[PDB]
Amino acid sequence: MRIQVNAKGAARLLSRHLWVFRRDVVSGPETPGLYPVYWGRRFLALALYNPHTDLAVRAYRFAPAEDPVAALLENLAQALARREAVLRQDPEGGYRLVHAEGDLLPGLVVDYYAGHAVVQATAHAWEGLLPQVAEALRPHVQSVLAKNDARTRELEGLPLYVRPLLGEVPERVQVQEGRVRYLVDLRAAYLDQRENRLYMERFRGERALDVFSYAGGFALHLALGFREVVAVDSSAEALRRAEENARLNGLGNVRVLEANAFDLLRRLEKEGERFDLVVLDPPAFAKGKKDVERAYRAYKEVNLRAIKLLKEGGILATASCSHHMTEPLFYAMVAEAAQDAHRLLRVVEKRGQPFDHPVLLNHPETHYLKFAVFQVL
Amino acid sequence: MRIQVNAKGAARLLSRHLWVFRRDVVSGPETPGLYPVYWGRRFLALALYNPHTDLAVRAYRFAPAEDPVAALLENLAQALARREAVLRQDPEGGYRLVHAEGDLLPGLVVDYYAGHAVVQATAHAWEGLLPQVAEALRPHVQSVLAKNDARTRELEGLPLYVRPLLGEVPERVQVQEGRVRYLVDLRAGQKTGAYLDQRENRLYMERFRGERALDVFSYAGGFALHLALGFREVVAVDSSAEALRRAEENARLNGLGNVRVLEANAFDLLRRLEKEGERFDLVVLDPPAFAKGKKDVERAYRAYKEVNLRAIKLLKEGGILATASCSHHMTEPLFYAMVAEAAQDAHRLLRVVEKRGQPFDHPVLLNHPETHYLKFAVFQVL
């Protein structure tokens, strides 16, 4: 069998985007799986297919190949290969080994936490290939956990469950990141901010504010260069993990603080508090193109306040991991904030996703992380 | 002596942009110099000013100072201070010590080439302060040249001249850049063979190895030299024989026989190389601005697209593309949009390897868009 798409679908795949939605599919199999995609008689690509979803086609090869399963597994091999260097040198670190579309492996995510891998299949065809995936990873892990409990799978028509795939999967594991260690509960920070947290180690000062600290990943690194670091978050559970990570590192200069970021910030300003550094690691504010509007204003407000709390010469590390918050808008938003706060900011560095979370230029949606460091003059 | 600006001018200085043009100035001195800027009775900033130019106000301090000259010089001191670390570690390297607006020192540029500095002023007030400028430099330099021959100086009603400010200015200097060295021409009327804002980008290219590498728009072959260390053959292309001349010279200076120059028109040569079926492991595009004005963006975009498109078509599966743009007009978003269109039209998937820009010694101010002009991107063709 094979998939047939209209001219629009063909165009998208010609321009090398990996996705073709329902509305552009003319015909195709009645069962999910791996099939060739065709525009009339013209071959376009090999892809993961699902007849019951809006996102029906996810390409992973733009070249025919006998045995589509073999080719998908080749892609897997290459993905792991790109990370061999690091897994050798830093066996105890945390790295993503498979980053879905970015690694030409749609619907599959695989992370590495100091020897223990967590697999996340999100496309129907990955479901019966897990054993193969486990067998592929095995040479580098001591465990493999199929963490297939994401709601996104229902949409595909898949079951939810977390079950070991290979070896003995620990309950929790300690991950080494630069000069600090943190705890990962393999069952329940995120690796895409790994290199940005490490960057924070180049700064020193009196006080550092870490808004939206989560498990305090940024705090941990900052505690090495500042007398005091204040990790803020709305979740007690989060700050709980933050204190625990703090203790695991023998860091007593890290102070948690349950609070609503937007309010607290206005507060530290009114009370006249000021800092040497402020990190802004907000959670996606937009759940769709619709929210962008309001999202933009939310980011501006927080960024504006953050800027107002910084001393002359202070550092601002602000970010966004939302898909709908484009890089251009992100930087426009920071600039607006800086302007309204009547403060001059020098760019210290613009960063994004690290090498293990690949970005494809032709597939915009693979780019979501924006991280920037500024100095307030 | 004060400078009065309208609400528009005030807004610009409030948002922290350093420039206020003629149209927004209500009143001010009759002679160029350093003066306070006010909106009514409200103090806004200290600034270099010129009564005879479209760009009249160039702020350098958004806080009152009793001695405008002293404050400007403190800015200079701090600019030099930010480069202290590197001047000590790499005394033989090439670094910009003062990057005009980026260092809150409008109308002043100073570069450092292994001990020899070159000063460039393009705003009136800086002229009488040149002697003090060579002073602050003295401890860090062997000599200081005053290269004041840029046409822009005429708008400011300033004389065009090239002349030493301190010490003995060499006619040529060898600069060390990582594992390579190159020649910088300080001789009057000669192009400084160095483009310091690409220093860290060239160095980056040392991480690649392969068979063939193509260096489109190689100038003095700076990128070529670094590539020569990892590829069997590097082809430096440029439309200037003079340029390729300095390229071959820099090549010999490093004992590199794997670097081959090639005088030619980039746009055509690229199309040709496709037809003869030529494919490389890595290619680099360092196009000269294609916009002498914010009105040529249109045509410029098309220009970049065509060349990028061609470059992509010449790359092997897994090849590397390092493309860039040093034009203020070609905005970052536009640049990435055009590379994307190119990749799309060429039906090739590009994985981002790294997005880069200007180095630390060429400061960018978020509130002053114009200080941002260099875009350098590395992609891998899958």
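Throughout, a chain's letter reflects where its sequence line sits, starting with A, and its residues are numbered from 1.
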Taking side-chain contact (heavy atoms from CB on, under 4.5 Å) as the definition, give me every residue that meets it alongside A:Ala65, ordered by chain and number, with sequence neighbours left out.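 A:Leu46, A:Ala71.
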
Heavy-atom proximity to chain A below 4.5 Å, by part of B:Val353: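 Contact with chain A is absent: no heavy atom of B:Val353 under 4.5 Å.
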
Considering only heavy atoms, which portion of B:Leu13 lies under 4.5 Å from any heavy atom of chain A: side chain, backbone, both, or neither?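 No part of B:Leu13 comes within 4.5 Å of chain A.
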
Between chain A and chain B, which N or O donor and acceptor atoms come closer than 3.5 Å?
residue  : atom : partner  : partner atom : Å
A:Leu14  : O    : B:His347 : ND1          : 3.3
A:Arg16  : NE   : B:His347 : O            : 3.1
A:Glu327 : OE1  : B:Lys355 : NZ           : 3.1
A:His342 : O    : B:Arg16  : NE           : 3.3
A:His342 : O    : B:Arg16  : NH2          : 3.3
A:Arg343 : O    : B:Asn367 : ND2          : 3.0
A:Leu345 : N    : B:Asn367 : OD1          : 2.9
A:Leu345 : O    : B:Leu366 : N            : 2.7
A:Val347 : N    : B:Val364 : O            : 2.8
A:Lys350 : NZ   : B:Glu332 : OE1          : 3.2
A:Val359 : O    : B:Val352 : N            : 2.8
A:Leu361 : N    : B:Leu350 : O            : 2.7
A:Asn362 : OD1  : B:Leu350 : N            : 2.8
A:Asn362 : ND2  : B:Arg348 : O            : 2.9

Would you indicate whether A:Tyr190, at its atom OH, is surrounded by more than 12 heavy atoms from other residues, nucleotides or ligands within a distance under 6.0 Å?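 For A:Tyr190, atom OH is not crowded (no more than 12 foreign heavy atoms under 6.0 Å).
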
Give me the one residue out of A:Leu361, A:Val359, A:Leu360 that meets side chain to side chain contact (heavy atoms under 4.5 Å, CB included) with B:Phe379.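 That would be A:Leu361; it is the only one of A:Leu361, A:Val359, A:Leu360 passing the side chain to side chain contact (heavy atoms under 4.5 Å, CB included) with B:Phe379.
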
